[PDB]
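What follows is a set of notes on a single structure, which appears directly below.
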Amino acid sequence: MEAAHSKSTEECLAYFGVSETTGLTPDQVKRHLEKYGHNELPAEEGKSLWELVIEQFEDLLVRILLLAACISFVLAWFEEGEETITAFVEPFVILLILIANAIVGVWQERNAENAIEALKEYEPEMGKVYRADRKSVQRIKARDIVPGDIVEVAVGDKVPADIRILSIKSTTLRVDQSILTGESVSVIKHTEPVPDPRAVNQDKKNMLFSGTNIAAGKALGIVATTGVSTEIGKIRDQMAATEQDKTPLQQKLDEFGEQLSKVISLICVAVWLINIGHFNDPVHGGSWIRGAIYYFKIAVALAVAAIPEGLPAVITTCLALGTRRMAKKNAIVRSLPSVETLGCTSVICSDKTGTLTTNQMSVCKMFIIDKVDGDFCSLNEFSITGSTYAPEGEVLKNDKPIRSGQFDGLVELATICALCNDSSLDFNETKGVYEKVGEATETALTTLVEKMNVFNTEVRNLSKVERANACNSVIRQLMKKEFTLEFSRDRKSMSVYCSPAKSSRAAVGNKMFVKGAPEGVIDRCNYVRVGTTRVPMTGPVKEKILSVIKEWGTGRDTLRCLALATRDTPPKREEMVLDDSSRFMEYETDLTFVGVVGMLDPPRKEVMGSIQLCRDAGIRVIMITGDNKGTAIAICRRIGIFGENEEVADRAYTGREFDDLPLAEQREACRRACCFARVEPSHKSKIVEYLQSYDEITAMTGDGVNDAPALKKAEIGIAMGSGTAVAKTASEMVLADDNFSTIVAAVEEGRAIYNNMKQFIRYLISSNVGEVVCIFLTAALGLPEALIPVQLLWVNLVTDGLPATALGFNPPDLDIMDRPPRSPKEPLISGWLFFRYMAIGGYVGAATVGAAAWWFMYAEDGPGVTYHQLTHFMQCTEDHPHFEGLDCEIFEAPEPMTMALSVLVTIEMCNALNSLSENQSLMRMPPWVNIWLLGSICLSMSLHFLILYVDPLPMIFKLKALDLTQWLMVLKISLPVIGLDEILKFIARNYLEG
Ligand SMILES: C/C=C(/C)C(=O)O[C@H]1C(C)=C2[C@H]([C@@H]1OC(=O)CCCCCCC)[C@@](C)(OC(C)=O)C[C@H](OC(=O)CCC)[C@@]1(O)[C@H]2OC(=O)[C@@]1(C)O
Ligand code: ALF
Ligand SMILES: [K+]
Ligand SMILES: [Mg+2]
């Protein structure tokens, strides 16, 4: 319950009323366990099987198609004759498709997995507590510990709950809290109060956080909070909440699915106004049962003409293809929808350590004393190449390599690094790369030697495995490490007492090798090493050294520096108390300064040009890290996020600072700041939300669990391939190769897909505007229906399907990565395109019904009932207006419809070749520029002549036509559409632009 790391240990105990020595009593554990509950994170329970099936059903797109398919039963029963058992295919097929959309859609909900579960993997099973009923410590279930009881932790343990350190038994406590800062560096705790209320995790040096593990030492503390009220418990709470929003495209489809509903609901009320021929014109005559199906039969037909149910099928297949495509470029997408959103990305938020950097400490600079004369001190600076722990680099003076051994000082520099170091390198045979063993800040020195190769020992022939410790192995031979004075906060340094090899009885030859914070170690040096000689430490030589240290640890090259010294004449081995660290400082006195090393977790090789590529595509890249501002800014200046001299004083905040800005100032800082450092997991998330409060599509790139809350928050979570499982689990996309450059490639691919997608969506829907105009006409006049929903489904699912989907392969425009991000506000159809389709809509809305009055009015090989009053009487419920009457059911012939249906099917093959572009006539847009588009159309008109000749088929769809001329008739009703369009473009391509 207690949320203070700012109180004394004595006050914290007082808080819970527990003794540091005894521990909680049974009664207290009864009440605390009561008031606070168990120490465990709640699991989010996954897919609700009744709520993944329901999501597919609740969208007017299926609601309307439902009532319709359902009304296709009310009107399915009313049919005299045996033609009622062979007239349920329509209501059948209809529903059957809504089932396919359900099945198909659902199957791709690939969040297969639990990030919350992945997180819980950080809560240990057991914990160690001290409670009143026993003197010995007890190992209980971690979920049984409560705020208030004394807990004990040590080397290897995984902190069971947020704890306030009360006492450190080891001379120091080394904790690894990357799980909350993304940094593996071990942090050194203490038990003093941290005064700042608003302190961040990176500040609570007197707290132990649930989920982190103890790198070194043993300690005693009091449990401050448990379960959901802990830092990792917060990450958990932020993940649970956040849900992904509908795609910019999905969105368009939504508003559309609403209007499309408002429209029809009015088109019907519009026919009830025109067709008041059953409310104020006729007589008694029954039409309240027969002519009553003229207000329902068109209801379930008007629906299938507005709802392009088949569009989903196209996108899904399109996206799925993109997936595998990107997967070849090394980006594994786990959710299709983000594939489209990835195209329109304006902001990429990114983690530093392990994402933009390799996360492998490296010694990149080092220097030794060169020359001394009073008041003049010159050094010998050096640079080291290599960004990995791999011994893959060479040292070099003035950008030109120089064998280290030819320099005496560097022989000692290298010796201290190898000897005063409790870590090691190691080639992982499986993964195929070297990895560190111990403190990464130390393994950096281990690798530094293998590179320095001071004794020239041959290592070129060695195995990749054994060359890992070659040069260091040698050095171990040269000197025997006796014992090592640990590191202590009071001296910020450590040491190793060593003795000359092959010397058994003598006194002389021994020496200690020291390392640590420059300031402190330097001050304890009375002599400086000059190659092999040794001269005293004067003010001029002091400041000189310091100067370079000061520059090296703050510039555009902020580096962690270590002073390296040696005590030539260490005290008598039997004159030291090796059990009292408080005495190590004096044993580390009268030292001889040797050199300085500069570390850094360097940028991945390709990040700089990747950042550039984003800049060109007008995408902003913001860095958000748990590491320190000093370091973040220096990485941004190398990565290219900041220019080398660019004033940054107002566009790079630390989490604390940022918490201090007003809400308004914050939202604003997000648009200008590009570097937020020393943040907590929530800060990352927060910044993303603000960035999203500008309608911007934001991406989050990370590899840590501290990156989880923002990954789940961005429109697109991108985890590293080498990242943590939880980060991966929370992302929509993974980088199989860890190269920040593949994000660039993925954005490209996504841009290209979004275009082509946009095409088949304005093509496959435009048709519906024609199908609806067609129906509305053939009902606002009274004419015989030329098209029935049954056919209106094949045409939209296959007939249009194949073409529409061929457009998805539209050749990606060249120079598509030099254009800014598509604005989310931008509707797919508005302006002149709204009219161009508003035009191509009316044309087909007519040319289909008119094809019907060609088999009746202008009828040659058919019922030439030239102006027989289709509008007036189609009824024929007395053959009186016709003398010689004995046949009126010709208004039901399968030919007047096989026209509109053939025209339609033929018009769409055109618009498909017309929609291969937006402002480019087919003369500049050759139809053969899309191989798959030609084949599709072939495949289309070849499916028409299938459901037109295959005996069973036309039985269900209605009867044939001979190419006589009737087909040629269908042509001069469609083909001109091409001309019409080709013109509408020139009207824009020139009158609007060019
Ligand atoms: C599917 C068929 C029809 C007829 C329809 O109702 O679509 C309108 C409509 C609701 C929109 C319009 C349609 O506008 C009309 O055709 C007006 C009605 C004329 C029919 C009456 C007989 C004369 C879309 C379809 O078409 C054309 C050709 O102008 C394009 C676009 O749609 C999209 O971006 C959706 C893509 C997923 C939307 O303007 C959209 O409104 C929006 O908010 C958008 C941005 O959604
Ligand atoms: F590795 Al980080 F913030 F978690 F840069
Ligand atoms: K997300
Ligand atoms: Mg990280």
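Naming works like this for the structure tokens: A, B, ... for the chains as they're shown, residue 1 at the start of each chain, ligands 1 onward in shown order.
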Open item on the list: Any residue with an atom at most 9 Å from ligand 1 counts, using only C-alpha atoms and all ligand atoms. Which are they? Put them as a PyMOL selection string.
Closed with: chain A and resi 249-264+267+305-308+311+758+761-777+826-830+833-842+845
Give me, as CSV, the closest atom pair and its distance (Å, one decimal) for every residue of chain A within a cut-off of 9 Å of ligand 3, counting only C-alpha atoms and all ligand atoms, rows sorted by chain and rising number.
residue,atom,partner,partner_atom_place_in_ligand_line,distance
A:242,CA,ligand 3,1 (K),8.1
A:243,CA,ligand 3,1 (K),7.6
A:244,CA,ligand 3,1 (K),6.0
A:245,CA,ligand 3,1 (K),8.9
A:338,CA,ligand 3,1 (K),8.9
A:699,CA,ligand 3,1 (K),8.3
A:700,CA,ligand 3,1 (K),8.1
A:709,CA,ligand 3,1 (K),8.7
A:710,CA,ligand 3,1 (K),7.5
A:711,CA,ligand 3,1 (K),5.2
A:712,CA,ligand 3,1 (K),3.5
A:713,CA,ligand 3,1 (K),4.7
A:714,CA,ligand 3,1 (K),4.7
A:715,CA,ligand 3,1 (K),5.1
A:716,CA,ligand 3,1 (K),5.0
A:717,CA,ligand 3,1 (K),4.8
A:718,CA,ligand 3,1 (K),8.5
A:730,CA,ligand 3,1 (K),6.9
A:731,CA,ligand 3,1 (K),6.0
A:732,CA,ligand 3,1 (K),6.3
Open item on the list: Excluding residue 24 (chain A) and its own-chain neighbours fewer than 3 positions away, which residues fall within 9 Å of it when counting only C-alpha atoms? Please give them as a PyMOL selection string.
Closed with: chain A and resi 17-19+27-29+130-133+148-150
- [ ] Using backbone DSSP assignments, extract all strand (DSSP E) residues from region 613-740 of chain A; output them as a list in words.
- [x]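 Answer for region 613-740 of chain A restricted to strand (DSSP E) is residues 620, 621, 622, 623, 624, 653, 654, 675, 676, 677, 698, 699, 700, 701, 702, 716, 717, 718, 719, 720, 733, 734 and 735 of chain A.
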Take the residues from that selection and put them in a file with N, CA, C and O atoms, as a short mmCIF file (atom, residue, chain, number, x, y, z; two decimals), in the first residue's frame.
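File written: result.cif
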data_model
loop_
_atom_site.label_atom_id
_atom_site.label_comp_id
_atom_site.auth_asym_id
_atom_site.auth_seq_id
_atom_site.Cartn_x
_atom_site.Cartn_y
_atom_site.Cartn_z
N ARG A 620 8.34 11.16 -39.57
CA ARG A 620 9.12 11.63 -38.43
C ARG A 620 9.53 10.45 -37.53
O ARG A 620 8.76 9.52 -37.29
N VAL A 621 10.77 10.50 -37.03
CA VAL A 621 11.29 9.45 -36.17
C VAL A 621 11.66 10.04 -34.82
O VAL A 621 12.57 10.85 -34.71
N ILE A 622 10.94 9.62 -33.78
CA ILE A 622 11.17 10.11 -32.43
C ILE A 622 11.84 9.03 -31.58
O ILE A 622 11.49 7.86 -31.68
N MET A 623 12.79 9.42 -30.74
CA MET A 623 13.43 8.44 -29.88
C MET A 623 12.84 8.58 -28.50
O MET A 623 12.64 9.69 -28.02
N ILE A 624 12.56 7.45 -27.86
CA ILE A 624 12.01 7.42 -26.51
C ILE A 624 12.77 6.31 -25.78
O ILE A 624 12.60 5.12 -26.09
N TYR A 653 13.42 16.03 -23.94
CA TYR A 653 13.12 15.99 -22.51
C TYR A 653 13.36 14.65 -21.78
O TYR A 653 13.46 13.59 -22.38
N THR A 654 13.46 14.71 -20.46
CA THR A 654 13.59 13.50 -19.68
C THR A 654 12.15 13.31 -19.20
O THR A 654 11.37 14.26 -19.21
N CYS A 675 13.33 13.47 -28.92
CA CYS A 675 14.09 12.65 -28.00
C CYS A 675 13.64 12.76 -26.54
O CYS A 675 13.90 13.76 -25.87
N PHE A 676 12.97 11.72 -26.05
CA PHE A 676 12.52 11.67 -24.67
C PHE A 676 13.36 10.59 -23.97
O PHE A 676 13.39 9.45 -24.40
N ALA A 677 14.02 10.96 -22.88
CA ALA A 677 14.89 10.03 -22.20
C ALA A 677 14.58 9.78 -20.73
O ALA A 677 13.90 10.56 -20.08
N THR A 698 0.77 6.52 -35.96
CA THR A 698 2.04 6.35 -35.29
C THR A 698 2.46 4.90 -35.15
O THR A 698 1.63 4.02 -34.95
N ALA A 699 3.75 4.67 -35.27
CA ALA A 699 4.32 3.35 -35.15
C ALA A 699 5.21 3.36 -33.93
O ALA A 699 5.74 4.41 -33.57
N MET A 700 5.35 2.22 -33.26
CA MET A 700 6.23 2.13 -32.11
C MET A 700 7.17 0.97 -32.40
O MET A 700 6.75 -0.10 -32.81
N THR A 701 8.46 1.20 -32.22
CA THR A 701 9.47 0.19 -32.48
C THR A 701 10.23 -0.14 -31.21
O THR A 701 10.90 0.72 -30.64
N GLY A 702 10.15 -1.38 -30.76
CA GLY A 702 10.86 -1.75 -29.55
C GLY A 702 11.25 -3.22 -29.43
O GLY A 702 10.96 -4.03 -30.31
N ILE A 716 0.67 0.71 -34.97
CA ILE A 716 1.52 -0.39 -35.40
C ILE A 716 2.66 -0.66 -34.43
O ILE A 716 3.54 0.19 -34.24
N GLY A 717 2.64 -1.84 -33.82
CA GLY A 717 3.69 -2.22 -32.90
C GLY A 717 4.69 -3.03 -33.70
O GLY A 717 4.32 -4.00 -34.36
N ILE A 718 5.96 -2.63 -33.67
CA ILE A 718 7.01 -3.34 -34.38
C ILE A 718 8.08 -3.78 -33.38
O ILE A 718 8.83 -2.96 -32.86
N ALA A 719 8.16 -5.08 -33.12
CA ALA A 719 9.15 -5.62 -32.19
C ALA A 719 10.36 -6.12 -32.93
O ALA A 719 10.27 -6.45 -34.11
N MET A 720 11.50 -6.20 -32.26
CA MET A 720 12.69 -6.72 -32.90
C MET A 720 12.57 -8.24 -32.92
O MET A 720 11.78 -8.82 -32.17
N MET A 733 3.77 -6.41 -35.91
CA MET A 733 4.79 -6.79 -36.87
C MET A 733 6.14 -7.03 -36.23
O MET A 733 6.53 -6.33 -35.30
N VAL A 734 6.87 -8.02 -36.72
CA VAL A 734 8.17 -8.31 -36.17
C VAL A 734 9.28 -8.14 -37.20
O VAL A 734 9.06 -8.32 -38.39
N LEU A 735 10.47 -7.75 -36.76
CA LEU A 735 11.60 -7.58 -37.66
C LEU A 735 12.50 -8.79 -37.53
O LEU A 735 13.37 -8.86 -36.65
#
- [ ] One decimal, Å: what's the distance from CA of residue 363 (chain A) over to CA of residue 397 (chain A), could you say?
- [x]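 Going from CA of residue 363 (chain A) over to CA of residue 397 (chain A) covers 14.5 Å.
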- [ ] Check every protein, DNA and RNA residue against ligand 2, keep those with an atom at most 10 Å away (counting only C-alpha atoms and all ligand atoms), and present them as a count of residues only.
- [x] 40
- [ ] Could you tell me how far CA of residue 4 (chain A) lies from CA of residue 162 (chain A), in Å and to one decimal?
- [x] 10.9 Å
Open item on the list: Give me the residues near residue 531 (chain A) as number ranges by chain, where near means some atom within 12 Å (using only C-alpha atoms) and where sequence neighbours in that chain fewer than 4 positions away do not count.
Closed with: A: 367-372, 379-380, 405-413, 535, 592-595
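The nearest approach to ligand 4 among the residues A:783, A:727, A:806, A:301, with only C-alpha atoms and all ligand atoms taken into account, belongs to A:727.
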Open item on the list: Residues near residue 576 (chain A), anyone? I mean within 12 Å using only C-alpha atoms, not counting same-chain ones fewer than 2 positions away, as a list in words.
Closed with: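 The contact residues come out as residues 483, 484, 485, 497, 570, 571, 572, 573, 574, 578, 579, 580, 581, 582, 583, 584, 585, 586, 587 and 588 of chain A.
With distances taken over only C-alpha atoms and all ligand atoms, A:185 is the one residue among A:118, A:185, A:564, A:62 lying closest to ligand 4.
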Open item on the list: as JSON, numbers by chain, please: the residues near residue 466 (chain A) (cut-off 8 Å, only C-alpha atoms, same-chain neighbours under 4 positions excluded).
Closed with: {"A": [427, 462, 470]}
Task: Selection near region 555-562 of chain A, 7 Å with only C-alpha atoms, sequence-local residues under 3 positions removed, as number ranges by chain - done: A: 515-518, 551-552, 596-600, 630-631, 634, 637, 644
Task: helix (DSSP H, G or I) residues, from DSSP on the backbone, in region 697-863 of chain A, as a VMD selection string - done: chain A and resid 708 to 711 725 to 730 741 to 763 766 to 780 789 to 797 801 to 807 832 to 847
